[PDB]
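Participant: My structure file upload06.cif, mmCIF, N, CA, C and O atoms, is below:
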data_coords
#
loop_
_atom_site.label_atom_id
_atom_site.label_comp_id
_atom_site.auth_asym_id
_atom_site.auth_seq_id
_atom_site.Cartn_x
_atom_site.Cartn_y
_atom_site.Cartn_z
N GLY A 1 -30.33 8.56 1.68
CA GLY A 1 -29.03 8.69 1.05
C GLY A 1 -28.50 7.37 0.53
O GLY A 1 -28.89 6.31 1.00
N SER A 2 -27.61 7.44 -0.45
CA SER A 2 -27.03 6.25 -1.05
C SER A 2 -26.78 5.18 0.01
O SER A 2 -26.10 5.42 1.01
N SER A 3 -27.36 4.00 -0.21
CA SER A 3 -27.21 2.89 0.73
C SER A 3 -26.62 1.66 0.04
O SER A 3 -27.16 1.17 -0.95
N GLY A 4 -25.50 1.17 0.57
CA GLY A 4 -24.85 0.01 -0.01
C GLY A 4 -23.36 0.21 -0.19
O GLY A 4 -22.92 0.95 -1.07
N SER A 5 -22.57 -0.46 0.64
CA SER A 5 -21.12 -0.36 0.58
C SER A 5 -20.49 -1.70 0.20
O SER A 5 -21.19 -2.70 0.06
N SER A 6 -19.18 -1.70 0.03
CA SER A 6 -18.45 -2.91 -0.33
C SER A 6 -18.60 -3.98 0.75
O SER A 6 -18.14 -3.80 1.88
N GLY A 7 -19.24 -5.09 0.39
CA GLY A 7 -19.44 -6.17 1.34
C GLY A 7 -18.23 -7.07 1.45
O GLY A 7 -18.28 -8.12 2.10
N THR A 8 -17.13 -6.67 0.81
CA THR A 8 -15.91 -7.46 0.83
C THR A 8 -15.01 -7.04 1.99
O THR A 8 -15.28 -6.05 2.67
N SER A 9 -13.93 -7.79 2.20
CA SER A 9 -12.99 -7.49 3.28
C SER A 9 -11.77 -6.76 2.74
O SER A 9 -11.29 -7.02 1.64
N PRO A 10 -11.25 -5.82 3.55
CA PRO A 10 -10.07 -5.02 3.18
C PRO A 10 -8.79 -5.86 3.16
O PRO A 10 -8.75 -6.99 3.64
N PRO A 11 -7.72 -5.28 2.59
CA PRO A 11 -6.42 -5.95 2.50
C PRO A 11 -5.75 -6.10 3.86
O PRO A 11 -5.48 -5.11 4.54
N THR A 12 -5.47 -7.34 4.25
CA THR A 12 -4.83 -7.61 5.53
C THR A 12 -3.39 -8.07 5.33
O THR A 12 -2.89 -8.11 4.20
N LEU A 13 -2.72 -8.40 6.43
CA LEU A 13 -1.33 -8.85 6.38
C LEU A 13 -0.48 -7.88 5.57
O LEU A 13 0.26 -8.29 4.67
N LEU A 14 -0.58 -6.60 5.89
CA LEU A 14 0.19 -5.57 5.20
C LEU A 14 1.58 -5.41 5.82
O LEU A 14 1.71 -4.99 6.96
N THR A 15 2.61 -5.76 5.05
CA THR A 15 3.98 -5.66 5.52
C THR A 15 4.93 -5.32 4.38
O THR A 15 4.62 -5.57 3.21
N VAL A 16 6.09 -4.77 4.72
CA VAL A 16 7.08 -4.40 3.72
C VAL A 16 7.91 -5.61 3.30
O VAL A 16 8.48 -6.31 4.14
N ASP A 17 7.99 -5.84 2.00
CA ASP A 17 8.75 -6.97 1.47
C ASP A 17 10.24 -6.62 1.37
O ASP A 17 11.08 -7.32 1.94
N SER A 18 10.54 -5.54 0.66
CA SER A 18 11.93 -5.11 0.49
C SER A 18 12.01 -3.59 0.41
O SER A 18 11.03 -2.92 0.07
N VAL A 19 13.18 -3.05 0.72
CA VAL A 19 13.39 -1.60 0.68
C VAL A 19 14.69 -1.26 -0.04
O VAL A 19 15.71 -1.93 0.14
N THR A 20 14.65 -0.21 -0.85
CA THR A 20 15.83 0.23 -1.59
C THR A 20 15.89 1.75 -1.68
O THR A 20 14.91 2.41 -2.01
N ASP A 21 17.06 2.30 -1.37
CA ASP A 21 17.26 3.75 -1.42
C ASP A 21 16.58 4.35 -2.64
O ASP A 21 16.23 5.53 -2.65
N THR A 22 16.40 3.54 -3.67
CA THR A 22 15.76 3.99 -4.90
C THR A 22 14.24 3.93 -4.79
O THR A 22 13.55 4.92 -5.03
N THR A 23 13.73 2.76 -4.42
CA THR A 23 12.29 2.57 -4.28
C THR A 23 11.97 1.61 -3.13
O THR A 23 12.86 0.95 -2.60
N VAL A 24 10.70 1.54 -2.76
CA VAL A 24 10.26 0.66 -1.68
C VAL A 24 9.25 -0.37 -2.18
O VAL A 24 8.43 -0.07 -3.05
N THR A 25 9.32 -1.57 -1.63
CA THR A 25 8.40 -2.64 -2.02
C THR A 25 7.41 -2.95 -0.90
O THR A 25 7.78 -3.00 0.27
N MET A 26 6.16 -3.16 -1.27
CA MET A 26 5.11 -3.47 -0.30
C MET A 26 4.26 -4.64 -0.78
O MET A 26 3.78 -4.65 -1.91
N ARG A 27 4.07 -5.62 0.10
CA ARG A 27 3.27 -6.80 -0.23
C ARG A 27 2.05 -6.90 0.68
O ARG A 27 2.05 -6.36 1.78
N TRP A 28 1.03 -7.61 0.21
CA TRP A 28 -0.20 -7.78 0.98
C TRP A 28 -0.95 -9.03 0.54
O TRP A 28 -0.71 -9.55 -0.56
N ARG A 29 -1.86 -9.50 1.38
CA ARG A 29 -2.64 -10.69 1.07
C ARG A 29 -4.10 -10.32 0.78
O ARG A 29 -4.63 -9.35 1.31
N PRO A 30 -4.75 -11.11 -0.08
CA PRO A 30 -6.15 -10.89 -0.46
C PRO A 30 -7.11 -11.18 0.69
O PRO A 30 -6.75 -11.79 1.70
N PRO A 31 -8.36 -10.72 0.54
CA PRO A 31 -9.40 -10.92 1.55
C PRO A 31 -9.84 -12.37 1.66
O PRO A 31 -9.75 -13.13 0.69
N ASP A 32 -10.32 -12.76 2.84
CA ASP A 32 -10.77 -14.12 3.07
C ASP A 32 -11.86 -14.51 2.08
O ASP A 32 -12.00 -15.68 1.72
N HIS A 33 -12.64 -13.52 1.65
CA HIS A 33 -13.72 -13.76 0.70
C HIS A 33 -13.90 -12.57 -0.24
O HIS A 33 -13.31 -11.51 -0.02
N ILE A 34 -14.70 -12.75 -1.28
CA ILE A 34 -14.95 -11.70 -2.25
C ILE A 34 -16.44 -11.40 -2.37
O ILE A 34 -17.26 -12.32 -2.43
N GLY A 35 -16.79 -10.12 -2.42
CA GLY A 35 -18.18 -9.73 -2.55
C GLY A 35 -18.82 -10.26 -3.82
O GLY A 35 -18.14 -10.52 -4.80
N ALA A 36 -20.14 -10.43 -3.79
CA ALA A 36 -20.87 -10.93 -4.94
C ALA A 36 -20.45 -10.21 -6.22
O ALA A 36 -19.94 -10.83 -7.15
N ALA A 37 -20.65 -8.90 -6.25
CA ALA A 37 -20.29 -8.10 -7.41
C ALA A 37 -18.93 -8.51 -7.96
O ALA A 37 -18.76 -8.69 -9.16
N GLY A 38 -17.95 -8.66 -7.06
CA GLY A 38 -16.62 -9.06 -7.48
C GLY A 38 -15.57 -8.02 -7.12
O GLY A 38 -15.84 -6.82 -7.13
N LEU A 39 -14.37 -8.49 -6.80
CA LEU A 39 -13.28 -7.59 -6.43
C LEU A 39 -12.58 -7.04 -7.67
O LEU A 39 -12.22 -7.79 -8.58
N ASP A 40 -12.41 -5.72 -7.71
CA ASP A 40 -11.76 -5.07 -8.84
C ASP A 40 -10.38 -4.54 -8.44
O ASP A 40 -10.25 -3.44 -7.92
N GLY A 41 -9.35 -5.34 -8.70
CA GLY A 41 -8.00 -4.94 -8.36
C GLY A 41 -7.91 -4.28 -7.00
O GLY A 41 -8.78 -4.46 -6.15
N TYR A 42 -6.86 -3.49 -6.80
CA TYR A 42 -6.66 -2.80 -5.53
C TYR A 42 -6.06 -1.41 -5.76
O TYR A 42 -5.67 -1.07 -6.87
N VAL A 43 -5.99 -0.62 -4.69
CA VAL A 43 -5.44 0.73 -4.77
C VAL A 43 -4.45 0.98 -3.64
O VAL A 43 -4.69 0.59 -2.50
N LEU A 44 -3.34 1.64 -3.97
CA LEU A 44 -2.32 1.95 -2.98
C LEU A 44 -1.94 3.43 -3.03
O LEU A 44 -1.64 3.96 -4.10
N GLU A 45 -1.95 4.08 -1.88
CA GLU A 45 -1.60 5.50 -1.79
C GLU A 45 -0.48 5.72 -0.78
O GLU A 45 -0.21 4.88 0.07
N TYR A 46 0.17 6.88 -0.89
CA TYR A 46 1.27 7.22 0.02
C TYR A 46 1.35 8.72 0.23
O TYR A 46 1.29 9.50 -0.72
N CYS A 47 1.49 9.13 1.49
CA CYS A 47 1.58 10.55 1.83
C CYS A 47 3.01 10.92 2.22
O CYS A 47 3.63 10.25 3.05
N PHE A 48 3.51 11.99 1.63
CA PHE A 48 4.87 12.46 1.92
C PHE A 48 4.88 13.40 3.12
O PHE A 48 4.03 14.28 3.24
N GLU A 49 5.85 13.20 4.01
CA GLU A 49 5.97 14.03 5.20
C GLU A 49 6.10 15.50 4.83
O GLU A 49 6.77 15.85 3.87
N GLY A 50 5.44 16.36 5.61
CA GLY A 50 5.50 17.79 5.34
C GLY A 50 4.35 18.26 4.48
O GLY A 50 4.21 19.46 4.22
N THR A 51 3.51 17.33 4.04
CA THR A 51 2.37 17.66 3.20
C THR A 51 1.06 17.33 3.91
O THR A 51 1.06 16.83 5.03
N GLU A 52 -0.06 17.63 3.25
CA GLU A 52 -1.37 17.37 3.81
C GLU A 52 -2.25 16.59 2.83
O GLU A 52 -3.42 16.33 3.10
N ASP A 53 -1.67 16.23 1.69
CA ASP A 53 -2.39 15.48 0.67
C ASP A 53 -1.62 14.23 0.26
O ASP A 53 -0.39 14.25 0.17
N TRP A 54 -2.34 13.15 0.02
CA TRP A 54 -1.73 11.89 -0.38
C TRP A 54 -1.43 11.88 -1.87
O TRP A 54 -2.09 12.56 -2.65
N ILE A 55 -0.44 11.09 -2.27
CA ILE A 55 -0.06 10.99 -3.67
C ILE A 55 -0.37 9.60 -4.23
O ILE A 55 0.13 8.59 -3.74
N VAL A 56 -1.21 9.56 -5.26
CA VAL A 56 -1.60 8.30 -5.88
C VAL A 56 -0.37 7.53 -6.36
O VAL A 56 0.63 8.13 -6.77
N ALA A 57 -0.45 6.21 -6.31
CA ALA A 57 0.65 5.35 -6.74
C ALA A 57 0.25 4.50 -7.93
O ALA A 57 0.92 4.49 -8.96
N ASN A 58 -0.86 3.77 -7.79
CA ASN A 58 -1.35 2.91 -8.86
C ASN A 58 -2.07 3.73 -9.93
O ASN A 58 -2.88 4.60 -9.63
N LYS A 59 -1.75 3.44 -11.19
CA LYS A 59 -2.36 4.14 -12.31
C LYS A 59 -3.85 3.81 -12.42
O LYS A 59 -4.70 4.67 -12.24
N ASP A 60 -4.14 2.55 -12.72
CA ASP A 60 -5.53 2.10 -12.86
C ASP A 60 -5.89 1.11 -11.75
O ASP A 60 -6.64 1.45 -10.83
N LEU A 61 -5.35 -0.10 -11.84
CA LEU A 61 -5.61 -1.13 -10.84
C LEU A 61 -4.40 -2.03 -10.66
O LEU A 61 -3.71 -2.38 -11.62
N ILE A 62 -4.13 -2.41 -9.41
CA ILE A 62 -3.00 -3.27 -9.10
C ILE A 62 -3.38 -4.75 -9.25
O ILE A 62 -4.07 -5.31 -8.40
N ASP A 63 -2.91 -5.36 -10.33
CA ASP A 63 -3.20 -6.77 -10.59
C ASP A 63 -2.53 -7.66 -9.55
O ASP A 63 -3.20 -8.40 -8.83
N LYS A 64 -1.21 -7.58 -9.47
CA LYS A 64 -0.45 -8.38 -8.51
C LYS A 64 -0.74 -7.93 -7.08
O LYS A 64 -1.36 -6.89 -6.85
N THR A 65 -0.29 -8.73 -6.11
CA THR A 65 -0.50 -8.41 -4.71
C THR A 65 0.67 -7.61 -4.14
O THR A 65 0.76 -7.38 -2.93
N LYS A 66 1.57 -7.18 -5.02
CA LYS A 66 2.73 -6.40 -4.61
C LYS A 66 2.80 -5.08 -5.37
O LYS A 66 2.30 -4.98 -6.50
N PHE A 67 3.41 -4.08 -4.76
CA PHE A 67 3.54 -2.76 -5.38
C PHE A 67 4.83 -2.08 -4.93
O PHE A 67 5.27 -2.24 -3.79
N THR A 68 5.42 -1.30 -5.83
CA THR A 68 6.66 -0.59 -5.53
C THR A 68 6.57 0.87 -5.95
O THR A 68 6.26 1.18 -7.10
N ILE A 69 6.83 1.77 -5.00
CA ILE A 69 6.78 3.20 -5.28
C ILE A 69 8.07 3.68 -5.92
O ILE A 69 9.11 3.80 -5.25
N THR A 70 8.01 3.97 -7.21
CA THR A 70 9.18 4.45 -7.95
C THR A 70 9.38 5.95 -7.75
O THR A 70 8.42 6.69 -7.55
N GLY A 71 10.64 6.38 -7.81
CA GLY A 71 10.94 7.79 -7.64
C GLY A 71 10.74 8.25 -6.21
O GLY A 71 9.76 8.92 -5.89
N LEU A 72 11.69 7.90 -5.34
CA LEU A 72 11.61 8.28 -3.93
C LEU A 72 12.96 8.80 -3.44
O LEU A 72 14.01 8.20 -3.68
N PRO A 73 12.93 9.93 -2.72
CA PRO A 73 14.14 10.55 -2.18
C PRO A 73 14.75 9.74 -1.04
O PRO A 73 14.06 9.35 -0.10
N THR A 74 16.05 9.47 -1.14
CA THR A 74 16.75 8.70 -0.12
C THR A 74 16.62 9.35 1.25
O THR A 74 16.62 10.57 1.37
N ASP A 75 16.50 8.52 2.28
CA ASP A 75 16.36 9.01 3.65
C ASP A 75 15.06 9.78 3.82
O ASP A 75 15.02 10.82 4.47
N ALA A 76 13.99 9.26 3.23
CA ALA A 76 12.68 9.89 3.32
C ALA A 76 11.64 8.93 3.90
O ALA A 76 11.54 7.78 3.46
N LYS A 77 10.87 9.41 4.87
CA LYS A 77 9.84 8.59 5.50
C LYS A 77 8.49 8.83 4.85
O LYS A 77 8.02 9.97 4.76
N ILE A 78 7.85 7.75 4.40
CA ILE A 78 6.55 7.85 3.75
C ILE A 78 5.56 6.86 4.37
O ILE A 78 5.95 5.78 4.81
N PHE A 79 4.29 7.24 4.39
CA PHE A 79 3.25 6.38 4.94
C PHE A 79 2.52 5.62 3.84
O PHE A 79 2.03 6.22 2.88
N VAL A 80 2.44 4.30 3.99
CA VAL A 80 1.77 3.46 3.00
C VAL A 80 0.43 2.97 3.53
O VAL A 80 0.31 2.60 4.69
N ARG A 81 -0.57 2.96 2.66
CA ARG A 81 -1.91 2.51 3.03
C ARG A 81 -2.63 1.89 1.84
O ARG A 81 -2.64 2.45 0.75
N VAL A 82 -3.22 0.72 2.06
CA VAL A 82 -3.94 0.01 1.01
C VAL A 82 -5.36 -0.33 1.44
O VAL A 82 -5.66 -0.35 2.64
N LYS A 83 -6.22 -0.61 0.47
CA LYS A 83 -7.61 -0.96 0.76
C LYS A 83 -8.20 -1.79 -0.38
O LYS A 83 -7.59 -1.94 -1.43
N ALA A 84 -9.40 -2.32 -0.15
CA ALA A 84 -10.08 -3.13 -1.15
C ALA A 84 -11.05 -2.29 -1.97
O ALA A 84 -11.80 -1.48 -1.42
N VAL A 85 -11.03 -2.48 -3.28
CA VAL A 85 -11.91 -1.73 -4.18
C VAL A 85 -12.71 -2.68 -5.07
O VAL A 85 -12.16 -3.31 -5.97
N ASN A 86 -14.01 -2.76 -4.82
CA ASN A 86 -14.88 -3.63 -5.60
C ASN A 86 -15.95 -2.81 -6.34
O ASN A 86 -16.22 -1.67 -5.97
N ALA A 87 -16.54 -3.41 -7.36
CA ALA A 87 -17.57 -2.74 -8.15
C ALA A 87 -18.70 -2.25 -7.25
O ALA A 87 -19.53 -1.44 -7.67
N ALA A 88 -18.74 -2.75 -6.02
CA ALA A 88 -19.77 -2.36 -5.07
C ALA A 88 -19.39 -1.07 -4.34
O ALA A 88 -20.24 -0.24 -4.04
N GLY A 89 -18.10 -0.91 -4.06
CA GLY A 89 -17.63 0.27 -3.37
C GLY A 89 -16.16 0.19 -3.00
O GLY A 89 -15.31 -0.06 -3.86
N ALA A 90 -15.86 0.39 -1.72
CA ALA A 90 -14.48 0.33 -1.25
C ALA A 90 -14.43 0.02 0.25
O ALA A 90 -15.41 0.22 0.96
N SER A 91 -13.28 -0.46 0.71
CA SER A 91 -13.11 -0.80 2.12
C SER A 91 -12.24 0.24 2.82
O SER A 91 -11.59 1.06 2.17
N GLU A 92 -12.24 0.20 4.15
CA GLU A 92 -11.45 1.14 4.94
C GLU A 92 -9.96 0.98 4.65
O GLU A 92 -9.46 -0.12 4.42
N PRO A 93 -9.23 2.11 4.64
CA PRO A 93 -7.79 2.12 4.38
C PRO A 93 -6.99 1.49 5.51
O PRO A 93 -7.35 1.60 6.68
N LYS A 94 -5.89 0.83 5.15
CA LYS A 94 -5.03 0.18 6.14
C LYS A 94 -3.83 1.06 6.48
O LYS A 94 -3.07 1.45 5.60
N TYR A 95 -3.67 1.37 7.76
CA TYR A 95 -2.57 2.20 8.21
C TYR A 95 -1.47 1.36 8.85
O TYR A 95 -1.66 0.76 9.91
N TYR A 96 -0.32 1.31 8.19
CA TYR A 96 0.81 0.53 8.69
C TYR A 96 1.31 1.08 10.02
O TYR A 96 1.76 2.22 10.11
N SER A 97 1.23 0.25 11.06
CA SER A 97 1.66 0.66 12.39
C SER A 97 2.87 1.58 12.31
O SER A 97 2.85 2.70 12.83
N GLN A 98 3.93 1.12 11.65
CA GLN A 98 5.14 1.90 11.50
C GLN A 98 5.37 2.29 10.04
O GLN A 98 5.02 1.55 9.12
N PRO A 99 5.95 3.48 9.83
CA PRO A 99 6.23 3.99 8.48
C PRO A 99 7.34 3.21 7.78
O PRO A 99 8.11 2.50 8.43
N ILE A 100 7.41 3.35 6.47
CA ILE A 100 8.42 2.65 5.68
C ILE A 100 9.49 3.62 5.19
O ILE A 100 9.22 4.49 4.36
N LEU A 101 10.71 3.46 5.69
CA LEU A 101 11.82 4.31 5.30
C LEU A 101 12.48 3.80 4.03
O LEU A 101 12.83 2.62 3.92
N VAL A 102 12.66 4.69 3.06
CA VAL A 102 13.28 4.33 1.79
C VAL A 102 14.80 4.25 1.93
O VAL A 102 15.53 5.06 1.35
N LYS A 103 15.26 3.27 2.69
CA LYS A 103 16.69 3.07 2.90
C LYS A 103 17.09 1.62 2.66
O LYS A 103 16.38 0.70 3.06
N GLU A 104 18.23 1.42 2.00
CA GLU A 104 18.72 0.08 1.71
C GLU A 104 19.00 -0.69 2.99
O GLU A 104 19.35 -0.10 4.02
N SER A 105 18.85 -2.01 2.94
CA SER A 105 19.09 -2.86 4.10
C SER A 105 19.30 -4.31 3.68
O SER A 105 18.55 -4.84 2.86
N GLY A 106 20.33 -4.94 4.24
CA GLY A 106 20.62 -6.32 3.91
C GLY A 106 20.57 -7.23 5.13
O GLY A 106 20.32 -6.79 6.25
N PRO A 107 20.82 -8.53 4.91
CA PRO A 107 20.81 -9.53 5.98
C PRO A 107 21.99 -9.36 6.94
O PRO A 107 23.09 -9.00 6.52
N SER A 108 21.75 -9.64 8.22
CA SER A 108 22.79 -9.52 9.23
C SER A 108 22.83 -10.75 10.12
O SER A 108 21.96 -10.95 10.97
N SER A 109 23.84 -11.59 9.92
CA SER A 109 23.99 -12.81 10.70
C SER A 109 23.91 -12.52 12.19
O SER A 109 24.48 -11.53 12.67
N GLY A 110 23.21 -13.37 12.93
CA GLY A 110 23.07 -13.18 14.36
C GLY A 110 21.64 -12.95 14.78
O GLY A 110 21.38 -12.24 15.75
#
Now that the file is in, can you turn its structure into structure tokens?
Facilitator:
Amino acid sequence: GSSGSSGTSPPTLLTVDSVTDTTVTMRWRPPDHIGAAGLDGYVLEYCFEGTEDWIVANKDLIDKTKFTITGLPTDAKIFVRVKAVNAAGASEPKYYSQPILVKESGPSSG
């Protein structure tokens, strides 16, 4: 059977940058190294609660290391997951320990 997977490393340091009742922001860092073939952008998916299928977010490829899910219902919990996609294959998906709530939040002294 087909032998040969992505020899690159998946997206690490996955954390939420900012959150807005309108949309949510997610940032991540690149892999320590890149496979010979070469890294081809990245992919980000999100599954809505109450469903059994994930909803694509990125159209083609995510150039920047940040992504924002547009069009999100206020007070809604969604699961974010990213992975590495190279011409060789793909890496395992990253599951954020805790979900990202699409709710506004500001700084609080103390």
Participant: Write out as a compact mmCIF listing (two decimals) with N, CA, C and O atoms, in the frame of the given file each polymer residue whose atoms come within 8 Å of region 68-83 of chain A, counting only C-alpha atoms; drop sequence neighbours fewer than 5 positions from it.
Facilitator:
# COMPACT_ATOMS: atom_id res chain seq x y z
N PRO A 10 -11.25 -5.82 3.55
CA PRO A 10 -10.07 -5.02 3.18
C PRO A 10 -8.79 -5.86 3.16
O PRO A 10 -8.75 -6.99 3.64
N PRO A 11 -7.72 -5.28 2.59
CA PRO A 11 -6.42 -5.95 2.50
C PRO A 11 -5.75 -6.10 3.86
O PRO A 11 -5.48 -5.11 4.54
N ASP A 21 17.06 2.30 -1.37
CA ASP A 21 17.26 3.75 -1.42
C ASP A 21 16.58 4.35 -2.64
O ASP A 21 16.23 5.53 -2.65
N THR A 22 16.40 3.54 -3.67
CA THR A 22 15.76 3.99 -4.90
C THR A 22 14.24 3.93 -4.79
O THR A 22 13.55 4.92 -5.03
N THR A 23 13.73 2.76 -4.42
CA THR A 23 12.29 2.57 -4.28
C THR A 23 11.97 1.61 -3.13
O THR A 23 12.86 0.95 -2.60
N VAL A 24 10.70 1.54 -2.76
CA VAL A 24 10.26 0.66 -1.68
C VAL A 24 9.25 -0.37 -2.18
O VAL A 24 8.43 -0.07 -3.05
N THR A 25 9.32 -1.57 -1.63
CA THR A 25 8.40 -2.64 -2.02
C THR A 25 7.41 -2.95 -0.90
O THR A 25 7.78 -3.00 0.27
N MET A 26 6.16 -3.16 -1.27
CA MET A 26 5.11 -3.47 -0.30
C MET A 26 4.26 -4.64 -0.78
O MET A 26 3.78 -4.65 -1.91
N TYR A 42 -6.86 -3.49 -6.80
CA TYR A 42 -6.66 -2.80 -5.53
C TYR A 42 -6.06 -1.41 -5.76
O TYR A 42 -5.67 -1.07 -6.87
N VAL A 43 -5.99 -0.62 -4.69
CA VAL A 43 -5.44 0.73 -4.77
C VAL A 43 -4.45 0.98 -3.64
O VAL A 43 -4.69 0.59 -2.50
N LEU A 44 -3.34 1.64 -3.97
CA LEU A 44 -2.32 1.95 -2.98
C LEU A 44 -1.94 3.43 -3.03
O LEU A 44 -1.64 3.96 -4.10
N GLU A 45 -1.95 4.08 -1.88
CA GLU A 45 -1.60 5.50 -1.79
C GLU A 45 -0.48 5.72 -0.78
O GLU A 45 -0.21 4.88 0.07
N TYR A 46 0.17 6.88 -0.89
CA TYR A 46 1.27 7.22 0.02
C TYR A 46 1.35 8.72 0.23
O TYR A 46 1.29 9.50 -0.72
N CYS A 47 1.49 9.13 1.49
CA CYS A 47 1.58 10.55 1.83
C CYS A 47 3.01 10.92 2.22
O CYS A 47 3.63 10.25 3.05
N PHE A 48 3.51 11.99 1.63
CA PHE A 48 4.87 12.46 1.92
C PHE A 48 4.88 13.40 3.12
O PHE A 48 4.03 14.28 3.24
N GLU A 49 5.85 13.20 4.01
CA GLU A 49 5.97 14.03 5.20
C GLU A 49 6.10 15.50 4.83
O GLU A 49 6.77 15.85 3.87
N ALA A 57 -0.45 6.21 -6.31
CA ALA A 57 0.65 5.35 -6.74
C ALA A 57 0.25 4.50 -7.93
O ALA A 57 0.92 4.49 -8.96
N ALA A 90 -15.86 0.39 -1.72
CA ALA A 90 -14.48 0.33 -1.25
C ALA A 90 -14.43 0.02 0.25
O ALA A 90 -15.41 0.22 0.96
N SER A 91 -13.28 -0.46 0.71
CA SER A 91 -13.11 -0.80 2.12
C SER A 91 -12.24 0.24 2.82
O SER A 91 -11.59 1.06 2.17
N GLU A 92 -12.24 0.20 4.15
CA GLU A 92 -11.45 1.14 4.94
C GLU A 92 -9.96 0.98 4.65
O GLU A 92 -9.46 -0.12 4.42
N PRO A 93 -9.23 2.11 4.64
CA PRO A 93 -7.79 2.12 4.38
C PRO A 93 -6.99 1.49 5.51
O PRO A 93 -7.35 1.60 6.68
N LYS A 94 -5.89 0.83 5.15
CA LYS A 94 -5.03 0.18 6.14
C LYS A 94 -3.83 1.06 6.48
O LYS A 94 -3.07 1.45 5.60
N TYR A 95 -3.67 1.37 7.76
CA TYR A 95 -2.57 2.20 8.21
C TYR A 95 -1.47 1.36 8.85
O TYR A 95 -1.66 0.76 9.91
N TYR A 96 -0.32 1.31 8.19
CA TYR A 96 0.81 0.53 8.69
C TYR A 96 1.31 1.08 10.02
O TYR A 96 1.76 2.22 10.11
N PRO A 99 5.95 3.48 9.83
CA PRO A 99 6.23 3.99 8.48
C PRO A 99 7.34 3.21 7.78
O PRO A 99 8.11 2.50 8.43
N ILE A 100 7.41 3.35 6.47
CA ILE A 100 8.42 2.65 5.68
C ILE A 100 9.49 3.62 5.19
O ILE A 100 9.22 4.49 4.36
N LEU A 101 10.71 3.46 5.69
CA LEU A 101 11.82 4.31 5.30
C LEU A 101 12.48 3.80 4.03
O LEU A 101 12.83 2.62 3.92
N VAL A 102 12.66 4.69 3.06
CA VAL A 102 13.28 4.33 1.79
C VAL A 102 14.80 4.25 1.93
O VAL A 102 15.53 5.06 1.35
N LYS A 103 15.26 3.27 2.69
CA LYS A 103 16.69 3.07 2.90
C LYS A 103 17.09 1.62 2.66
O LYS A 103 16.38 0.70 3.06
Participant: Might you pull out every residue within 7 Å of region 30-33 of chain A, with all atoms listed in the file counted and same-chain residues fewer than 5 positions away left off, and present them as a list in words?
Facilitator: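 My reading of the contact set: residues 7, 8, 9, 10, 11, 12 and 65 of chain A.
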Participant: Save out the residues we just selected, N, CA, C and O atoms, as a PDB file, in the frame of the given file.
Facilitator:
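Writing done, so here's again.pdb:
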ATOM      1  N   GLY A   7     -19.240  -5.090   0.390  1.00  0.00           N
ATOM      2  CA  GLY A   7     -19.440  -6.170   1.340  1.00  0.00           C
ATOM      3  C   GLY A   7     -18.230  -7.070   1.450  1.00  0.00           C
ATOM      4  O   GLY A   7     -18.280  -8.120   2.100  1.00  0.00           O
ATOM      5  N   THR A   8     -17.130  -6.670   0.810  1.00  0.00           N
ATOM      6  CA  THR A   8     -15.910  -7.460   0.830  1.00  0.00           C
ATOM      7  C   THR A   8     -15.010  -7.040   1.990  1.00  0.00           C
ATOM      8  O   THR A   8     -15.280  -6.050   2.670  1.00  0.00           O
ATOM      9  N   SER A   9     -13.930  -7.790   2.200  1.00  0.00           N
ATOM     10  CA  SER A   9     -12.990  -7.490   3.280  1.00  0.00           C
ATOM     11  C   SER A   9     -11.770  -6.760   2.740  1.00  0.00           C
ATOM     12  O   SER A   9     -11.290  -7.020   1.640  1.00  0.00           O
ATOM     13  N   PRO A  10     -11.250  -5.820   3.550  1.00  0.00           N
ATOM     14  CA  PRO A  10     -10.070  -5.020   3.180  1.00  0.00           C
ATOM     15  C   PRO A  10      -8.790  -5.860   3.160  1.00  0.00           C
ATOM     16  O   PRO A  10      -8.750  -6.990   3.640  1.00  0.00           O
ATOM     17  N   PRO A  11      -7.720  -5.280   2.590  1.00  0.00           N
ATOM     18  CA  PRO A  11      -6.420  -5.950   2.500  1.00  0.00           C
ATOM     19  C   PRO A  11      -5.750  -6.100   3.860  1.00  0.00           C
ATOM     20  O   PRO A  11      -5.480  -5.110   4.540  1.00  0.00           O
ATOM     21  N   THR A  12      -5.470  -7.340   4.250  1.00  0.00           N
ATOM     22  CA  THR A  12      -4.830  -7.610   5.530  1.00  0.00           C
ATOM     23  C   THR A  12      -3.390  -8.070   5.330  1.00  0.00           C
ATOM     24  O   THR A  12      -2.890  -8.110   4.200  1.00  0.00           O
ATOM     25  N   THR A  65      -0.290  -8.730  -6.110  1.00  0.00           N
ATOM     26  CA  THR A  65      -0.500  -8.410  -4.710  1.00  0.00           C
ATOM     27  C   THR A  65       0.670  -7.610  -4.140  1.00  0.00           C
ATOM     28  O   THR A  65       0.760  -7.380  -2.930  1.00  0.00           O
TER      29      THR A  65
END
Participant: For a quick check of understanding, using all atoms listed in the file, which of A:107, A:4, A:35, A:41 has the smallest distance to residue 85 (chain A)?
Facilitator: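 Between A:107, A:4, A:35, A:41, the residue approaching residue 85 (chain A) most closely is A:41.
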Participant: So what do you get for atom C of residue 2 (chain A) versus atom O of residue 87 (chain A), distance-wise?
Facilitator: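 Distance reported for this atom pair: 12.5 Å.
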Participant: Kindly indicate which residue among A:37, A:50, A:19, A:86 lies nearest to residue 106 (chain A), using only N, CA, C and O atoms for the distances.
Facilitator: A:19
Participant: Choose the residue, out of A:18, A:66, A:88, A:27, that has the smallest atom-to-atom separation from residue 39 (chain A); count all atoms listed in the file.
Facilitator: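 With all atoms listed in the file as the atom set, the closest residue is A:88.
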Participant: Could you work out how far atom C of residue 15 (chain A) lies from atom N of residue 54 (chain A), giving the answer in Å with one decimal?
Facilitator: 20.3 Å
Participant: I'd like the interatomic distance between atom O of residue 52 (chain A) and atom O of residue 98 (chain A), to a tenth of an Å.
Facilitator: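 Atom-to-atom, atom O of residue 52 (chain A) to atom O of residue 98 (chain A), that is 18.1 Å.
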Participant: Apply DSSP to the structure's backbone, then extract all residues of region 2-100 of chain A labelled strand (DSSP E) and return them as a ChimeraX atom specification.
Facilitator: /A:12-19,24-29,39-48,54-56,66-69,77-86,89-90,94-95,100
